[PDB]
Amino acid sequence: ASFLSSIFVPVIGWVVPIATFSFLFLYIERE
Amino acid sequence: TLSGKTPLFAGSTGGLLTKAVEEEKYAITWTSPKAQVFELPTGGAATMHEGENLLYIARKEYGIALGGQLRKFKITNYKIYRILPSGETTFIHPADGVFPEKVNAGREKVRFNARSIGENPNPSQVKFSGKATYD
Amino acid sequence: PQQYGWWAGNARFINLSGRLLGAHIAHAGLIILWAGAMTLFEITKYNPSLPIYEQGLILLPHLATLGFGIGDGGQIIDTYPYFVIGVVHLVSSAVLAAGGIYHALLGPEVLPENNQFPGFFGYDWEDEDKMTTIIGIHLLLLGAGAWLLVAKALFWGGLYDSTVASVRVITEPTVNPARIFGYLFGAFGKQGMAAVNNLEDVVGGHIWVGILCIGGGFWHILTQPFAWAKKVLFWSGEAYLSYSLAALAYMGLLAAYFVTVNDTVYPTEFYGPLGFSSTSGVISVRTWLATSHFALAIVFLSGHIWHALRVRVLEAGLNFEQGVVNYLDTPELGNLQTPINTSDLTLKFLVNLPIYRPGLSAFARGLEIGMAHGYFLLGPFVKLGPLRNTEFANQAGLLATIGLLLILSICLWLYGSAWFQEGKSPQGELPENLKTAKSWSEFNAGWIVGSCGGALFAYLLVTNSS
Amino acid sequence: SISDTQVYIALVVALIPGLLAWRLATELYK
Amino acid sequence: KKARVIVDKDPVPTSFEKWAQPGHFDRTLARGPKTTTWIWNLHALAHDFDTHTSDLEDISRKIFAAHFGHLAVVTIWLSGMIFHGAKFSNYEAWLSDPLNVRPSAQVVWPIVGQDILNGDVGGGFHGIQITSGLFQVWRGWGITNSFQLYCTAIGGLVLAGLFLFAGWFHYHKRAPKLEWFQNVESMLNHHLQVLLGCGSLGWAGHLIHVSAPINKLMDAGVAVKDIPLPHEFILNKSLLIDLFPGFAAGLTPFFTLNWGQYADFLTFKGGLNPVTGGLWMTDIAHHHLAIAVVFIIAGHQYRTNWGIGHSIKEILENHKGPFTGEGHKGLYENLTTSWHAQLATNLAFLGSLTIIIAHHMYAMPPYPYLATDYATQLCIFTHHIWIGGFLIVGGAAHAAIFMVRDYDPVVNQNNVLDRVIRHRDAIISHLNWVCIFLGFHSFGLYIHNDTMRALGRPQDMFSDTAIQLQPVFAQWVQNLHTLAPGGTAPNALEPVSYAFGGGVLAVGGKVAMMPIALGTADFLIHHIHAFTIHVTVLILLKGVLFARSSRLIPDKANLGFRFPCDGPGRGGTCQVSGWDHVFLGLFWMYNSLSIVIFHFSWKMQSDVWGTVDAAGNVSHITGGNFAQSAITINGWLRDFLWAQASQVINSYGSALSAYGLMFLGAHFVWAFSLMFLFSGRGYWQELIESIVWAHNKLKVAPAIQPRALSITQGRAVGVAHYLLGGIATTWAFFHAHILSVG
Ligand code: CLA
Ligand code: CLA
Ligand code: CLA
Ligand SMILES: CC1=C(/C=C/C(C)=C/C=C/C(C)=C/C=C/C=C(C)/C=C/C=C(C)/C=C/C2=C(C)CCCC2(C)C)C(C)(C)CCC1
Ligand SMILES: CC1=C(/C=C/C(C)=C/C=C/C(C)=C/C=C/C=C(C)/C=C/C=C(C)/C=C/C2=C(C)CCCC2(C)C)C(C)(C)CCC1
Ligand SMILES: CC1=C(C/C=C(\C)CCC[C@H](C)CCC[C@H](C)CCCC(C)C)C(=O)c2ccccc2C1=O
Ligand code: SF4
């Protein structure tokens, strides 16, 4: 189960920020 | 419609940015009795021409500031124009040809409150309403 | 002419051919005088007990390497060859002196241009053929001079060799192009052309230089300069001077590097130990030659720049009174015109970058930009990453690069998505074919493909460095 | 410690407040 | 026209009337106080003479008289230092034993137990150990007894008296006209030739006739009582001949250009005297002679009354090129009509010079027994760096004051000053960038290193044992200066400084000076200096270039030099004034110089200073920990601040206890400053309202209505206490540490 750390920590570190900042950027610039 | 030659030594990095092309631009015209040096709104010693001068400016505050400096040169015939990207020039100062500090008949009171400032309502009174306490 | 002050007095006869000629023969004479007179000056105070390198004799080392009166172990046994050479120059100086003072003021101010033989020597800075022929004419004499060194190295005695410390005759010159030109490509050492370690490559080098100079000699006298040369170069008389100064500066630095590191063509028995060495407090001949000609190369580079920038200002139709800093034809605009932002070189370069270059599709722009950025971005990740000192240094670096380029691809998609909102075109200095949502998608597709490719290509070159 | 199965159940059970947190957040935005 | 003495007689009648009329000098202040703001304004405007009167002649007279005042107080101070040396010091004991006795010239009175501060300083004397280097100055002067100091002190009090009289006389009695003041060519001639040239010739005289002989005998181990008095070397030539044979030749070799006959008392030795570890007096003699000649020649450049000479206006006007339009035309008028333009220049370059002096004095310790007095070395370096930094920021302030008040567009049209104003956005944008670049690629390397060390990855650090950043250029320059003697300086025996290279020079057991090797820690700290200087310049240059106007406030010159803002509009215009850029530049000057003196302190203690074994092995004060520690912030926190603060925090119940109290006191004053900097006037005026209510309630409300400090004064008080507190902390730290280990 320890292997989940190798999946989740990179996701919370990179995937989640990129996805969140990408969406929020597109939302705050929507006209 | 804007007549006047651009003053000598009018060049600097403090001039018009992309806003002047995209949003809005201002011009200030004035008739000088004599060619004389004046400080530009955004730095640099420019030279007025004898006769009609036209200076493009990013902000209306540049015009009013320069206007104040032209008054020190005994010049009170300066006109500020707002210019839109469609080339819609609008004369904006002095609005009615008379300077705003001088009283002119025809002008109506705008945003006048017929009360002392102490007589404004409390914020609680105008809560969840559209109106503010200074309305 | 008359606008130039006495301090810039030699600029008065730029357009006057006679004075300019007379000045060149006169200065030639001055170089000959020095070469000849200082050879005698050095002969007069040669102590055969003490070595040459710590006496302060510069020309005798240059005569010594040619193998003029030396026995075994680089020992100067006879000095008559130094005297005969010294006097030959010193008399040639007096003949060139005469020629100098004649063409200066006694001769005509302008060399006449006509169909007669005296007419040939006359020239104009605009007629490009006549200068090209003069380039070729004097190139034949550079070739001749290189073949005279070869003849000295092969037939007339030979050259001094530091391997056996004797004056061996050269018989088998290296006529292999791959070997001799390999020096230009840094094949046989990090030092390049200054990494020569035998006379066989030196004679071989001067064969190749000899035939190239003679080959170029025939070319330039029999051909006029083509339309591509007609556009890229400046054609004022001061433009040619600035080019020649760039060459002299390059040659000065070349010889300064040679004398510093090379010991074959500059023997340690004459010039002294390699690098910068001082024996018994006395500075070695090598150090003097190296450091002087390094300093003169920096000065002659400063001369190239000065004379080149002056040409570029004059040809732009700018004077030095109003200057090189102007306004944008609309003074009240932000920017100023400067040689950094408005120079034809700057404008031509920027316009021709893939982002601005006419006739490139949105994809092709992205692709070229991608390839360039993807290529150079590999370096830092490979060579400074956490796995840089492991077997996975290149592979780690490549995956990092692809990684960064994928986030940069998302950044592009975000930038486009933000701006392209049904009709409203993006602000900023875009090309006309990147002002639609589909064109921007193509540009992003271009970037991705380009950047991945550029990275992959750098990786294939890095991993196959063998 | 706890089994790999128990960790996988917890993650699947954690999708429930994950879903409902999304639904509440979207409803609170209106 | 001709330079001549032209004065008005009895321009200002002397009377105590105006002494009884506080704020007489300003028309606004003359009406009297209504609020407590008046009391501040009085002091704030006191010496702002441009606001007193419009007349440039009256301003020039006030400035000339004030200077005689400042010369008088500086002479009183220098006389006091020498008097305290004569009366309340162990100078004579210290002469007999320089290496063992500790210099002290301040004795504390026995009251409330403060006599503890009178520590055992050696020479059977109890007092505060001094770090001003006065003993090393007086030894260099060739002073050998208390009587010579008494004479010098009294002489000073007479000179201070003369300076007071001069200031009163040249204001109240015979005040020069503006014509006099504007003779810049005559002033430069007299100040180059007499003040500097004849001062340096005069001093060469003293060195050659008094200092060199007396010091030579003291270095030969002759007892102070046995050494002849300085006049005995003039009256009895035989004594001087014995030390310097060249005096046998007399003055004829000077007039016949046989100057080699003086090679024994006018030397170019280089390095340091091995006895004292200071520069050779004979080198210093020849220096001051050579300086004197170059100055006396230099000060015949400017035309006065005889046609020969340059006019500075013509020089300036002629220096223009194809980038700079009219070039330096109009700058002569700026510098001869504005006192602020001169004060800007003189503060900028005197400040820059004081920092050069700091560097040159540690590397080439000019005084005998200075190099080994590690307390003096650290303190005079730090002192002169601080004075330098304040003067430079003053330069920028008065440059901005000039731009707001004294700048004329007509004089300065298409000149270098006009043209810098026209690309000020290009200047500040580029300087902004280079500041961020230097910040990332200097400080970011420390953060990289801290993180790598913390993650247990020392191989990934920027260090000598990891990814190296060798300062190859500084390393190459050190080598050139080390090879100079015999090579590119043939007539030099040693290098100018052992810092560049050569050997470790040691006096007593201790290292006077040795080569200061540069590596990754030296590369990193140098790029921190570059960063912190470029950011200070960004702030100050932005202050001067945007003082008159900006894209935000077009009419900023009308608001003046010192105004708090132009209101919360335009998003908020807090601290746009040239004054507020000086305010922000002071913090960055403080930040910059703090890291400079910390760099010096740690580098010298780890890599230079220390004891020398008989074999010749150097044991440094902090055992060369700089290379591995000074490459992380944690290393600075631990091995510098934490480690070396042990002496100051453990000083209570000893003679260094005062530094322990100063250390806390300074930490307090610093923290107190944050009240002024972080808060605003609005809060304090509203609090004062309630306090005023209570005073009104008990009928003790003052007629002079209490006001919260002005927005500008709030900031001025803030930065004052911040600098005082911060600098005083380091001062207490440095002393307590270096008076224990050094
Ligand atoms: C929060 C989570 C997080 C995680 C899990 C990581 C993980 C990593 N970082 Mg760190 N980093 C982070 C936050 C994070 N970072 C932040 C906030 C900063 C700024 C303070 C940094 C600053 C930093 C620096 C300066 C460096 C790292 C490096 C690394 C790698 C070192 C391991 C190694 O030596 O193998 C070697 C591993 C590789 C060479 C890369 C493996 C493949 C990459 C991760 C992705 C491949 C493409 C991917 C499939 C798709 C696109 C990318 C993305 C959208 C997912 C590792 C992948 C080092 C590195 O190697 O950079 C690339 C490195 O130099 N990080
Ligand atoms: C700010 C300066 C700074 C610098 C220079 C470095 C440098 C480095 N870091 Mg460190 N780091 C820093 C701050 C810094 N760090 C900070 C603040 C942290 C957070 C605490 C870290 C945390 C960290 C981690 C966790 C790791 C690193 C690592 C590294 C190394 C590899 C990084 C890499 O591959 O990036 C690649 C860089 C680029 C792709 C950008 C290159 C920029 C180019 C060269 C600019 C070119 C401009 C050009 C000259 C101008 C135009 C050219 C013209 C022709 C047009 C490298 C030595 C890694 C390592 O392994 O250490 C050895 C690693 O694992 N760093
Ligand atoms: C520690 C305290 C601190 C710090 C870090 C800063 C930082 C800065 N100041 Mg400030 N300043 C400070 C105190 C500080 N100041 C105080 C107390 C005052 C009141 C006097 C000021 C007043 C002031 C003025 C008047 C000016 C500055 C300016 C600057 C900037 C200079 C440019 C630079 O170096 O950029 C580089 C950035 C740094 C050195 C910060 C650290 C960088 C880290 C190590 C790298 C990034 C790591 C990583 C990528 C982080 C993100 C990842 C994460 C989100 C996952 C810089 C951002 C100047 C400026 O803006 O000019 C350019 C300027 O003119 N400051
Ligand atoms: C000095 C100078 C300069 C220069 C510099 C630089 C900029 C450098 C860099 C460089 C670089 C930056 C380069 C680059 C290159 C690149 C390359 C060479 C690429 C390649 C690529 C490829 C070939 C690819 C391929 C592919 C693709 C695309 C896709 C698919 C896959 C493949 C692989 C097939 C300039 C001009 C600015 C200016 C003047 C001065
Ligand atoms: C420390 C002090 C002091 C003291 C001081 C003193 C004591 C000083 C002095 C000074 C001096 C004592 C100086 C002098 C000088 C001099 C000079 C500067 C001279 C010059 C000369 C010359 C220049 C010459 C010339 C000539 C002639 C005449 C003839 C022949 C020729 C000739 C050229 C050689 C006092 C008390 C104030 C207090 C404070 C501190
Ligand atoms: C504390 C603080 C105050 C309050 C401080 C004030 C009003 C200063 C008052 C202190 C002095 C020392 C009062 C002196 C009064 C008498 C002269 C003392 C007479 C008694 C002596 C003779 C002993 C501000 O006004 C302020 C304004 C703007 C920004 C920040 C701040 C800020 O931080
Ligand atoms: S907060 Fe203070 S400084 Fe800022 S705008 Fe308001 S009054 Fe002015």
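Residue numbers (the numbering used here), protein chains in the order written: chain Y, 1 to 31; chain A, 1 to 135; chain L, 1 to 466; chain R, 1 to 30; chain U, 1 to 742. C-beta: ideal position from N, C-alpha, C; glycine also.
Q: Output the residues surrounding ligand 6, defined as those with a CB atom closer than 5 Å to any ligand heavy atom, in chain order.
A: Ordered along the chain, the selected set is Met675/U, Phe676/U, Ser679/U, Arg681/U, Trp684/U, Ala708/U, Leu709/U, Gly714/U.
Q) Where the beta carbon is closer than 6 Å to any heavy atom of ligand 3, which residues qualify, in chain order? A) Here the residues come out as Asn432/U, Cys435/U, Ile436/U, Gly439/U, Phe440/U, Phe443/U, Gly444/U, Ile447/U, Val535/U, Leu538/U, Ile539/U, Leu584/U, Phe587/U.
(Q) Counting only C-beta atoms, is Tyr26/A closer than 8 Å to chain U at any point? (A) Counting from one through the second sequence, the residue named residue 26/A turns up at place 26. Closer than 8 Å: no.
Q) Is it right to say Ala212/U is buried, meaning 16 or more other beta carbons lie within 10 angstroms of its own, or is it exposed? A) For the purposes of this step, residue 212/U is taken as residue 212 along the fifth sequence, with counting starting at 1. Counting Cβ neighbours within 10 Å, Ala212/U comes out buried, since at least 16 surround it.
Q. When burial is assigned at 16 or more other CB atoms within 10 Å of the CB, is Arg111/A buried or exposed?
A. Within the second sequence, the letter at position 111 stands for residue 111/A. Here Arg111/A is exposed: its Cβ has fewer than 16 other Cβ atoms, across all protein chains shown, within 10 Å.
Q. With a Cβ-Cβ cutoff of 8 Å, do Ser146/U and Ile128/U count as a contact?
A. As a position in the fifth sequence, residue 146/U is number 146, starting the count at 1. As a position in the fifth sequence, residue 128/U is number 128, starting the count at 1. Inclusion of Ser146/U and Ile128/U in the CB contact set at 8 Å is not warranted, their separation being larger than that value.
Q. What are the residues that DSSP puts in a beta bridge with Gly610/U?
A. The count along the fifth sequence starts at 1 and reaches residue 610/U at position 610. Answer by DSSP bridge pairing, in chain order: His620/U.
Q) Does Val12/R come within less than 8 Å of chain Y when only Cβ atoms are used? A) Along the fourth sequence, read from residue 1 onward, the residue named residue 12/R stands at position 12. No, because no Cβ of chain Y sits closer than 8 Å to the Cβ of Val12/R.
Q: Would you give the residue range spanned by the beta strand (DSSP E) that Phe381/L belongs to?
A: By one-based count along the third sequence, residue 381/L stands at place 381. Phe381/L -> not in any beta strand (DSSP E); alpha helix (DSSP H) instead, spanning 362 to 384.
Q | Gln342/U versus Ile369/L: straight-line alpha-carbon distance, rounded | A | As a working note, residue 342/U is residue 342 in the fifth sequence. As a working note, residue 369/L is residue 369 in the third sequence. Roughly 53 Å separates the two Cα atoms.
Q | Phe323/U: contacting residues in chain L (beta-carbon distance under 8 Å) | A | As a first step, residue 323/U is located in the fifth sequence; it is residue number 323 there, counting from the start. Neighbours of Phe323/U in chain L, taken as residues at a C-beta separation under 8 Å, are given in chain order as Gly323, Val324, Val325.
**Q.** Inter-residue spacing [alpha-carbon to alpha-carbon] between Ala175/U and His49/A
**A.** Translated into the one-based positions of the fifth sequence, residue 175/U becomes position 175. Translated into the one-based positions of the second sequence, residue 49/A becomes position 49. For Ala175/U and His49/A, the distance between alpha carbons rounds to 44 Å.
Q) How long is the line joining the alpha carbons of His24/L and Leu480/U, rounded to whole angstroms? A) Walking along the third sequence from the start, residue 24/L turns up at place 24. Walking along the fifth sequence from the start, residue 480/U turns up at place 480. Per the coordinates, the alpha-carbon of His24/L lies some 39 Å from the alpha-carbon of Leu480/U.
(Q) Check whether the segment 207 to 216 of chain L and the segment 138 to 157 of chain L are in contact - that is, three or more C-beta pairs closer than 8 Å. (A) The segment 207 to 216 of chain L vs the segment 138 to 157 of chain L: in contact.
Q: Quick one: list the residues of chain A neighbouring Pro568/U, beta-carbon separation under 7 Å, in chain order.
A: Taking the fifth sequence and counting its residues from 1, the one referred to as residue 568/U is at position 568. Contact annotation for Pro568/U against chain A: no contact, minimum CB-CB distance about 16 Å [criterion: below 7 Å].
(Q) Between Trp168/U, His384/U, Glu17/U, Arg139/U, which has its C-alpha nearest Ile727/U's C-alpha? (A) The sequence position of residue 727/U within the fifth sequence is 727, counting from 1. With distances taken between Cα atoms, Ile727/U lies closest to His384/U.
Q | Residue ranges of each alpha helix (DSSP H) within the segment 658 to 698 of chain U, 4 or longer | A | The qualifying runs are 681 to 697.
Q.
Is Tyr375/L near ligand 4 - that is, is its Cβ less than 7 Å away from at least one heavy atom of it?
A. By 1-based counting over the third sequence, the position of residue 375/L is 375. At least one heavy atom of ligand 4 is nearer than 7 Å to the Cβ of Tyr375/L, so yes.
(Q) Could you check whether the Cβ of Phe457/L sits closer than 7 Å to any heavy atom belonging to ligand 4? (A) By 1-based counting over the third sequence, the position of residue 457/L is 457. Yes, Cβ of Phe457/L sits closer than 7 Å to a heavy atom of ligand 4.
Q: Could you tell me whether any Cβ in chain L is nearer than 8 Å to the Cβ of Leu55/A?
A: Your numbering for residue 55/A matches position 55 in the second sequence. Taking Cβ atoms only, chain L reaches closer than 8 Å to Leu55/A, which makes this a yes.
Q. Given that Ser22/Y touches chain L, what residues does it touch there, using C-beta distances under 7 Å?
A. Translated into the one-based positions of the first sequence, residue 22/Y becomes position 22. Going along chain L in sequence order, the residues near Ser22/Y (Cβ under 7 Å) are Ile410, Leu414.
Q: Count the other C-beta atoms from every protein chain shown that fall within 10 angstroms of the C-beta of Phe23/Y, then say buried if there are 16 or more, exposed otherwise.
A: Within the first sequence, numbered from 1, the residue matching residue 23/Y stands at position 23. Under this definition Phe23/Y is an exposed residue.
(Q) Tell me which residue opens and which closes the beta strand (DSSP E) that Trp219/L is part of. (A) To locate residue 219/L, count along the third sequence from 1; it is residue 219. Unbroken run through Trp219/L is the alpha helix (DSSP H), 199 to 222; no beta strand (DSSP E).
(Q) Quick check on this structure: which residue in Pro230/U, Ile539/U, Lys237/U, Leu159/U has the alpha carbon closest to the alpha carbon of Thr75/U? (A) Counting from one through the fifth sequence, the residue named residue 75/U turns up at place 75. The shortest C-alpha separation from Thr75/U is found at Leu159/U.
Q | Residue range of the unbroken beta strand (DSSP E) whose run includes residue 743/U | A | Outside the modelled stretch of chain U, which goes from 1 to 742, sits residue 743/U, for which no answer is possible.
Q | Straight-line Cα distance separating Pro273/L from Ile312/U | A | Along the fifth sequence, read from residue 1 onward, the residue named residue 312/U stands at position 312. Along the third sequence, read from residue 1 onward, the residue named residue 273/L stands at position 273. Answer to the nearest angstrom: the Cα atoms are 52 Å apart.
(Q) Does the structure place the segment 585 to 593 of chain U close enough to the segment 561 to 575 of chain U that three or more beta carbon pairs sit under 8 Å? (A) Counting Cβ pairs under 8 Å, fewer than three are found: no touch.
Q: Taking all protein chains shown into account, decide if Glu185/U is buried (16 or more other Cβ within 10 angstroms of its Cβ) or exposed.
A: Locating residue 185/U in the fifth sequence gives position 185, where the first residue counts as 1. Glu185/U should be labelled buried.
(Q) Does chain U have any CB closer than 8 Å to the CB of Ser12/A? (A) What you label residue 12/A is simply residue 12 of the second sequence in a count that begins at 1. It does; some Cβ of chain U falls within 8 Å.
Q | Buried versus exposed call for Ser629/U [16 or more other C-beta atoms within 10 Å across all chains shown] | A | For the purposes of this step, residue 629/U is taken as the residue at position 629 of the fifth sequence. That one is buried.
Q | Range of the contiguous alpha helix (DSSP H) that encloses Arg23/R | A | The residue you call residue 23/R lines up with position 23 of the fourth sequence. DSSP places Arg23/R in the uninterrupted alpha helix (DSSP H) bounded by 4 to 29.
Q.
Suppose you measure from the CA of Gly237/L to the CA of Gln3/L; what does that come to, to the nearest Å?
A. For the purposes of this step, residue 237/L is taken as residue 237 along the third sequence, with counting starting at 1. For the purposes of this step, residue 3/L is taken as residue 3 along the third sequence, with counting starting at 1. So the alpha carbons of these two residues sit roughly 17 Å apart.
**Q.** Ranges of the alpha helix (DSSP H) found wholly within the segment 1 to 82 of chain L, counting only runs of at least 4
**A.** Every unbroken stretch of the alpha helix (DSSP H) spanning 4 or more residues and falling wholly within the segment 1 to 82 of chain L is given here in chain order: 17 to 44, 59 to 65.
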